[PDB]
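Q: structure for the following, please:
(one chain, ligands or ions: 1)
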Amino acid sequence: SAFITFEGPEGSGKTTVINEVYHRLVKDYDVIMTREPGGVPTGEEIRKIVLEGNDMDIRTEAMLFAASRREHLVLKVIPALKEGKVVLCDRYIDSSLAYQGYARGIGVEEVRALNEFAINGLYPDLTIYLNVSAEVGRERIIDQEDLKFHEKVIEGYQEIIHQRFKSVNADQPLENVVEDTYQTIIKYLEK
Ligand SMILES: Cc1cn([C@H]2CCCN(Cc3ccc(C(=O)O)c(Oc4cccc(C(F)(F)F)c4)c3)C2)c(=O)[nH]c1=O
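A: Residues are numbered from 1 along each chain as shown. Sure, structure below:
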């Protein structure tokens, strides 16, 4: 079994990369693709609070992402790993660190402590960081506030990334991003 997370800002080609890598890995491994809340009822109820209300305090939002993360881990990820599956997870602890910790300004260390409570030692075995420049990312997506937030997210990921992390150059055409990500994963799985 293996727990592999995928991280990156918007415009990194993360959705395409995970889907293509899943279609290639399924030939040789029992693999599943997931994201939080991923159908877990409690996580889905939390997601409705976050989305359908109520122009939220950033710390309350961080705690709700962390609570959805725990429910998804306990009810979906852990049982799949017990069946010997390769779990491909779109966003995990690092997204809370970059978005809530860095970009939203709570502080990475405060958000880290919150997330360590939520995951209780269950760190990914491997984390693919889709390293896109802000400029290429901006082009893949298509105001000043959105652009600045996109840049801060990238800045946050850079601070976080500085052992389980494997940075893939996401400025390349997507076929190459897919190939580099697939090769990184197979090297880890076959080791
Ligand atoms: C995992 C994670 C992600 N993001 C960002 C990434 C970029 C998109 N952002 C907006 C965004 C976009 C779509 C949705 C939707 O799913 O439709 C959405 O909602 C939820 C997503 C995941 C979990 C929950 C639940 F509430 F359940 F925790 C709600 C939020 C969310 C953080 O900021 N921190 C984190 O930890």
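
Q: which residues of this protein lie near the ligand?
A: Proximity of the chain to the ligand is assessed by C-beta under 6 Å from any ligand atom, with 36-37, 43, 46-47, 50-51, 64-65, 68, 91, 95-96, 99-100 identified as the residues in range. Any C-beta I mention is one placed from the backbone N, CA and C, and that applies to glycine too.

Q: what about 8 Å?
A: For the chain, the residues found near the ligand under the criterion C-beta under 8 Å from any ligand atom are 10, 35-37, 43-44, 46-47, 49-51, 61-62, 64-69, 91-93, 95-96, 98-100, 103-104.

Q: out of those residues, which are buried?
A: A residue is treated as buried here by neighbour count (16 or more other C-beta atoms under 10 Å); on that basis the buried members of those are 35-37, 43, 46-47, 61-62, 64-69, 91-93, 95-96, 98-100, 103-104.

Q: among those, name the ones in strands.
A: residue 35 (DSSP state E).

Q: mind listing which of the residues of the chain next to the ligand are in helices?
A: Judged by DSSP state H, the residues of the chain next to the ligand include 43-44, 46-47, 49-51, 61-62, 64-69, 93, 95 as members of helices.

Q: show the backbone phi and psi for the residue nearest to the spatial centre of the chain.
A: With distances taken as C-alpha atoms, centre = their mean, the chain has residue 91 as the residue nearest its mean C-alpha position (1.5 Å). For residue 91, the backbone dihedrals are phi 80, psi 130 (criterion: degrees, to the nearest 10).

Q: what residues does the closest residue in space to it that isn't next to it in sequence make contact with?
A: Closest residue to residue 91 apart from its sequence neighbours, by C-beta to C-beta, 6 or more residues apart in numbering: residue 35 at 6.1 Å. Shown in contact with residue 35 (C-beta atoms under 8 Å, 6 or more residues apart in numbering): 89-91.

Q: for beta bridges, what are the partners of residue 35?
A: According to DSSP bridges, residue 90 are recorded as the beta-bridge partners of residue 35.

Q: C-terminal to the top helix by length along the chain, what's the next element?
A: For the chain, the longest helix by residue count, based on DSSP H, is helix 144-161. Sequence-wise, the next helix or strand downstream of helix 144-161 (DSSP states H and E) is strand 165-169.
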